[PDB]
Amino acid sequence: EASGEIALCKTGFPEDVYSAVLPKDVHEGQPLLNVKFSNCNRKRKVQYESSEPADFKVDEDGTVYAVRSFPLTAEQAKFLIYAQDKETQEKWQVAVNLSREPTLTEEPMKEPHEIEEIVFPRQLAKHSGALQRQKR
């Protein structure tokens, strides 16, 4: 942009945390959360692991599924999804927090996606493939 900071690739999580919203009403088959695992190099199947009270499924693609809404009531539920690349002998850890995010702010600056899919819908793209019609 116009500041100059770093330029090295960072495979793994960005040392941050993700937040998934749940009905907190004991509803099972809850939505699926997706972590932003930074990719790089070529081919790197790593191992994943979950640790949430309810039922969760970490997919090698970097997606931990949220199932069962327990406890999720008097407080919030939080767990850590561990990652480990056997190729680069590296490992990462991202904290996902299941909590209610009743935010009214409707003006995203540089981070529209936020594992919420609540405000600012995402279904308005007619263009699907490449059509040649610029002329004639």
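Just so you know, we're using PDB author numbering here: the sequence shown kicks off at 24 and counts up by one. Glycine included, every Cβ here is placed at the ideal spot set by N, Cα and C.
Residue i versus residue j - alpha carbon distance
{"i": "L31", "j": "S92", "result": "39 angstroms"}
{"i": "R65", "j": "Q116", "result": "21 angstroms"}
{"i": "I141", "j": "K149", "result": "21 angstroms"}
{"i": "residue 175", "j": "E24", "result": "Not covered by the structure: residue 175. The range shown for the chain is 24 to 159."}
{"i": "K47", "j": "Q99", "result": "9 angstroms"}
{"i": "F36", "j": "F60", "result": "5 angstroms"}
{"i": "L147", "j": "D84", "result": "26 angstroms"}
{"i": "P94", "j": "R123", "result": "13 angstroms"}
{"i": "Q157", "j": "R145", "result": "27 angstroms"}
{"i": "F143", "j": "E129", "result": "8 angstroms"}
{"i": "residue 212", "j": "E75", "result": "With the chain represented from 24 up to 159, any question about residue 212 goes unanswered, as that position is not in the structure."}
{"i": "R159", "j": "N57", "result": "43 angstroms"}
{"i": "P125", "j": "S151", "result": "33 angstroms"}
{"i": "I29", "j": "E38", "result": "16 angstroms"}
{"i": "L127", "j": "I138", "result": "16 angstroms"}
{"i": "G52", "j": "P131", "result": "29 angstroms"}
{"i": "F79", "j": "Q155", "result": "44 angstroms"}
Cutoff 7 angstroms; reference residue i; Cβ partners in own chain excluding five residues on either side
{"i": "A118", "result": "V40, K101 and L103"}
{"i": "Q107", "result": "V69, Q70 and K114"}
{"i": "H136", "result": "none"}
Integer Cβ distance of residue i from residue j, believed to fall under 8 angstroms
{"i": "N62", "j": "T34", "result": "7 angstroms"}
{"i": "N120", "j": "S42", "result": "5 angstroms"}
{"i": "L55", "j": "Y88", "result": "4 angstroms"}
Sequence-distant residues of its chain with Cβ nearer than 6 angstroms to residue i (five each side left out)
{"i": "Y105", "result": "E72 and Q116"}
{"i": "residue 18", "result": "This structure leaves residue 18 out entirely; the chain is present only between 24 and 159."}
8 angstroms Cβ shell around residue i - same chain, five flanking residues per side excluded
{"i": "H50", "result": "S92"}
{"i": "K109", "result": "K68, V69 and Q70"}
{"i": "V90", "result": "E51, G52, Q53, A77, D78, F79 and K80"}
TODO: Pair every Cβ in the stretch 108 to 115 with every Cβ in the stretch 66 to 81, then say whether three or more of these pairs are closer than 8 angstroms.
DONE: In short, these stretches touch, since the Cβ pair count reaches three.
TODO: Would you mind listing the beta strand (DSSP E) stretches within the stretch 47 to 87 that are 3+ residues and don't spill past its ends, in chain order?
DONE: If we require 3 residues or more, the beta strand (DSSP E) runs fully inside the stretch 47 to 87 come out as 55 to 57, 69 to 72 and 78 to 82.
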